[PDB]
Engineer: 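Take this structure, written in structure tokens, and hold onto it; I'll ask about it next.
Numbered from 1 within each chain, the chains take letters A, B, ... in sequence-line order.
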Amino acid sequence: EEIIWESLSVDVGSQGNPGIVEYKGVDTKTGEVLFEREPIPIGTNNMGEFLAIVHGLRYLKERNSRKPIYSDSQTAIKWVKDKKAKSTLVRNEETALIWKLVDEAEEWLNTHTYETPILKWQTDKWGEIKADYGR
RNA sequence: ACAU
DNA sequence: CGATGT
Ligand SMILES: [Cl-]
Ligand SMILES: [Cl-]
Ligand SMILES: [Cl-]
Ligand SMILES: [Mg+2]
Ligand SMILES: [Mg+2]
Ligand SMILES: [Rb+]
Ligand SMILES: [Rb+]
Ligand SMILES: [Rb+]
């Protein structure tokens, strides 16, 4: 119903899907960029959306912040809830980096606690998420 | 169908 | 138009 402005918003950007994947997190209220992942040569949209949420969890935990995280990705929200990224991307030499990051993200979720609410950004009502790449 |  | 996902 109402945007929770006191929050972190995350999003993926890609060149191809699968293709080059990056992600960032912004302060929902101001658009200030709070973190940005160096581009990963091959990944999927959903792997990037997942990594962005997990990085947000880690970022807020390190800072003792109870703010929620917004993502527009139904898939990634579910993967984080399950602590399992059910990607179809082939595991081979050229996808090794993205899969290492995804594996490490799951490992972190399995060994740490958090209360951060992970909320669906309602694009149809609110427009593009504030972390969007505009591409 | 919905979300990207 | 293609691809990633529930
Ligand atoms: Cl990552
Ligand atoms: Cl909340
Ligand atoms: Cl959701
Ligand atoms: Mg998105
Ligand atoms: Mg976007
Ligand atoms: Rb902490
Ligand atoms: Rb975009
Ligand atoms: Rb589809």
Side-chain angles (χ1 to χ4, degrees):
Chain A
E1 179 58 301
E2 265 252 300
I3 291 165
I4 300 175
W5 287 102
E6 188 172 313
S7 61
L8 173 68
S9 289
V10 300
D11 200 12
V12 71
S14 85
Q15 302 157 241
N17 183 33
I20 301 174
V21 167
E22 63 191 319
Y23 67 73
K24 68 176 185 294
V26 310
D27 187 317
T28 307
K29 180 143 42 180
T30 69
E32 178 188 4
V33 179
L34 301 176
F35 56 80
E36 286 190 87
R37 166 68 211 194
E38 174 182 296
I40 301 145
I42 300 294
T44 67
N45 63 329
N46 291 325
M47 297 167 109
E49 299 266 23
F50 170 79
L51 293 175
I53 298 172
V54 179
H55 192 80
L57 289 171
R58 299 179 71 164
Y59 176 92
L60 293 172
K61 184 180 181 75
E62 180 72 19
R63 289 159 180 76
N64 297 312
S65 173
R66 289 172 52 80
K67 284 176 181 186
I69 295 169
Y70 276 114
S71 169
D72 65 23
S73 173
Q74 186 177 112
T75 296
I77 293 172
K78 176 181 191 303
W79 286 359
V80 173
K81 179 186 189 183
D82 292 340
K83 306 187 179 201
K84 191 64 189 179
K86 212 179 78 180
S87 181
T88 70
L89 188 67
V90 63
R91 283 183 185 261
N92 62 25
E93 304 99 325
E94 63 178 340
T95 67
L97 175 53
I98 193 82
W99 268 116
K100 181 164 185 292
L101 293 172
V102 171
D103 291 344
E104 289 169 347
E106 292 179 350
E107 176 56 35
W108 188 88
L109 294 173
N110 283 334
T111 52
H112 298 77
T113 64
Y114 67 85
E115 298 169 37
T116 305
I118 299 169
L119 307 178
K120 180 66 177 65
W121 180 265
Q122 294 179 55
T123 304
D124 58 336
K125 299 178 182 70
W126 304 336
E128 291 287 343
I129 196 165
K130 303 308 179 185
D132 185 41
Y133 280 81
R135 53 180 61 166

Engineer: Apply salt bridge (charged side-chain N to carboxylate O under 4.0 Å, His left out) to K81(A) and list each qualifying residue two or more places apart in sequence or on a separate chain.
Structural biologist: none
Engineer: Quick one: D82(A) CG to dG5(C) P, roughly how many Å, whole number?
Structural biologist: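 Nearest whole value for this atom pair: 14 Å.
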Engineer: Could you go through the side chain to side chain contact (heavy atoms under 4.5 Å, CB included) check for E106(A) and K84(A) one step at a time?
Structural biologist: CA-CA 6 Å; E106(A) 292 179 350; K84(A) 191 64 189 179; 3.3 Å; yes
Engineer: Among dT6(C), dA3(C), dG5(C), find the nucleotide with the atom closest to the side chain of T88(A).
Structural biologist: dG5(C)
Engineer: Over how many whole Å does the gap from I53(A) atom CD1 to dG5(C) atom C1' extend?
Structural biologist: 13 Å
Engineer: Can you tell me if the side-chain N/O atoms of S73(A) get under 4.0 Å from OP1 or OP2 in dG5(C)?
Structural biologist: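 The answer is no; no side-chain N or O of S73(A) sits under 4.0 Å from OP1 or OP2.
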Engineer: Check this for me, if you would: do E62(A) and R58(A) make a salt bridge, where the nitrogen-to-carboxylate-oxygen distance has to be below 4.0 angstrom?
Structural biologist: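 A salt bridge is absent here (no side-chain N lies under 4.0 Å from a carboxylate O).
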Engineer: Relative to each other, are the rings of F35(A) and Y59(A) parallel, tilted or perpendicular (30° and 60° limits)?
Structural biologist: tilted
Engineer: Using whole Å, report how far CD of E49(A) lies from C1' of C2(B).
Structural biologist: 15 Å
Engineer: Among the candidates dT6(C), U4(B), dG5(C), find the nucleotide nearest to the side-chain atoms of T44(A).
Structural biologist: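 In terms of side-chain proximity for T44(A), the closest of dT6(C), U4(B), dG5(C) is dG5(C).
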Engineer: Measure the distance from CD on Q15(A) to P on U4(B) and round it to the nearest whole Å.
Structural biologist: 21 Å
Engineer: Distance check needed: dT6(C) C1' versus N45(A) CG, whole Å only.
Structural biologist: 13 Å
Engineer: Identify the two heavy atoms, one from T28(A) and one from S7(A), that lie closest to each other, and give their separation to 0.1 Å.
Structural biologist: OG1-OG, 2.7 Å
Engineer: Which whole-number value in Å describes the distance from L89(A) CG to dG5(C) P?
Structural biologist: 7 Å
Engineer: Do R135(A) and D11(A) sit within salt-bridge range, that is, some charged N less than 4.0 Å from a carboxylate O?
Structural biologist: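 Looking at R135(A) and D11(A), the cut-off is not met.
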Engineer: Please report the distance, rounded to the nearest Å, between CH2 in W79(A) and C1' in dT4(C).
Structural biologist: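 Taking atom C1' of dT4(C) as the reference, CH2 of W79(A) is at 8 Å.
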Engineer: So, does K86(A) get its side chain near the phosphate of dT6(C), meaning an N or O under 4.0 Å from OP1 or OP2?
Structural biologist: yes
Engineer: Please classify the nucleic acid contact of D72(A) as base, sugar-phosphate, or nothing, using heavy-atom distances under 4.0 Å.
Structural biologist: sugar-phosphate
Engineer: Looking at the side chain of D124(A), which of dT4(C), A3(B), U4(B) is the nearest nucleotide?
Structural biologist: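 Looking only at side-chain atoms, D124(A) lies closest to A3(B).
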Engineer: Should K120(A) be listed as having a side-chain N or O under 4.0 Å from OP1 or OP2 of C2(B)?
Structural biologist: no
Engineer: Distance under 6.0 Å and angle within 45° of the ring axis: does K130(A) meet both against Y70(A)?
Structural biologist: no
Engineer: Whole Å only: how far is the CE atom of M47(A) from the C1' atom of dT6(C)?
Structural biologist: 17 Å
Engineer: If you take any heavy atom closer than 4.0 Å to RNA chain B, which residues from residues 28-43 of chain A end up in contact?
Structural biologist: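 Of all residues in residues 28-43 of chain A, none places a heavy atom under 4.0 Å from RNA chain B.
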